[PDB]
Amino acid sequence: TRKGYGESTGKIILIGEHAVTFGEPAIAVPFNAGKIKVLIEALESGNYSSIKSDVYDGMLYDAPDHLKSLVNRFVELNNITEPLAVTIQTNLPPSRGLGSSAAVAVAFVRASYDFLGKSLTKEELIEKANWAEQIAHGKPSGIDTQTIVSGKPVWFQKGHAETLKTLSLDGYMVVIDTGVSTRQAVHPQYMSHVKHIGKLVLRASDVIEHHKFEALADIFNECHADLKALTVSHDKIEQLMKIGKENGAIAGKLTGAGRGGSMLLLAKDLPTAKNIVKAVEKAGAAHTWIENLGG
């Protein structure tokens, strides 16, 4: 058992609250633009063991995600006596709802099994990743782990949950992170907004099942207007969406029922998504990604 490699995507809650739990409405999909890579290497004779975390771009480390706990556990459970070099690379900012804790956990578990030479089933990965999230981060995310592992959208509604077929919408989504204090720039009559996104998640499920990009655009714009109608809004965020639309975004909303971990903008084609990115970065957007929606 000498060397093991694992990868994971992130995830986005297109519509629905942050850290959603079963029983609450949501639509989560894989975030293929976000990548976490873990490498576990056995070393020789007598070298020190190391854990190295590489963060790409000017993003902060995810301090709440305690990877040292995952490695300690892995070394003790498997009676590993040899020096290990563990490397984690991440594309994802912390605490923006991009599925960072779950991504690290899925990547780490994959790497672990690959290292031990062990076969890894989906349900086994699901169980081990959910357990690793609990240990490393203090709670699992069932929706994030299932969306990530399956590579399929997961839909929550009322008293049931389903895994849909692979995402296929003929279009693009620009994902914007508004950045930082060290703590993230995230954000009563809010109950009625959450009540309303419930019905919007129901329409989104059918819209996604039938590959209707225009209708998802409608739903995004309805979500946003509903939020703004019912809550005190913020000039700097709205101006960023205004800049995205001025540059070809046909729709916009915040993730997490107005928490705003990400801003999501919908574009018809790749060139327009590249134009949105540049205009929004120029206007201060801290980090951006372009997601092909698979059509």
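When you see a residue number, it is the position in the sequence shown, counting from 1.
Unmodelled deposited residues between residue 180 and residue 181: 1 to 3, per the record.
Where residue 211 is followed by residue 212 in the displayed chain, the model omits none of the deposited residues that would sit between the two. In this entry, 189-197 shows the higher mean Cα temperature factor of the pair 155-163 and 189-197. Per the PDB record, of the two stretches 53-61 and 230-238, 230-238 carries the greater mean B-factor over its C-alpha atoms. Highest C-alpha temperature factor among 82, 127, 133, 222 per the entry: 82.
Across 254, 243, 29, 67, the entry's maximum B-factor at the CA atom is seen for 243. In the PDB entry, residue 107 places in the lowest third of its chain by CA B-factor. Per the PDB record, residue ranking by Cα B-factor puts residue 264 in the lowest third of the chain. Among all modelled residues in its chain, residue 71 ranks in the lowest third by Cα B-factor. In this PDB entry, residue 117 carries a Cα temperature factor that places it within the highest third of its chain's modelled residues.
For residue 176, the recorded CA B-factor ranks within the middle third of the chain. Only modelled residues enter the ranking.
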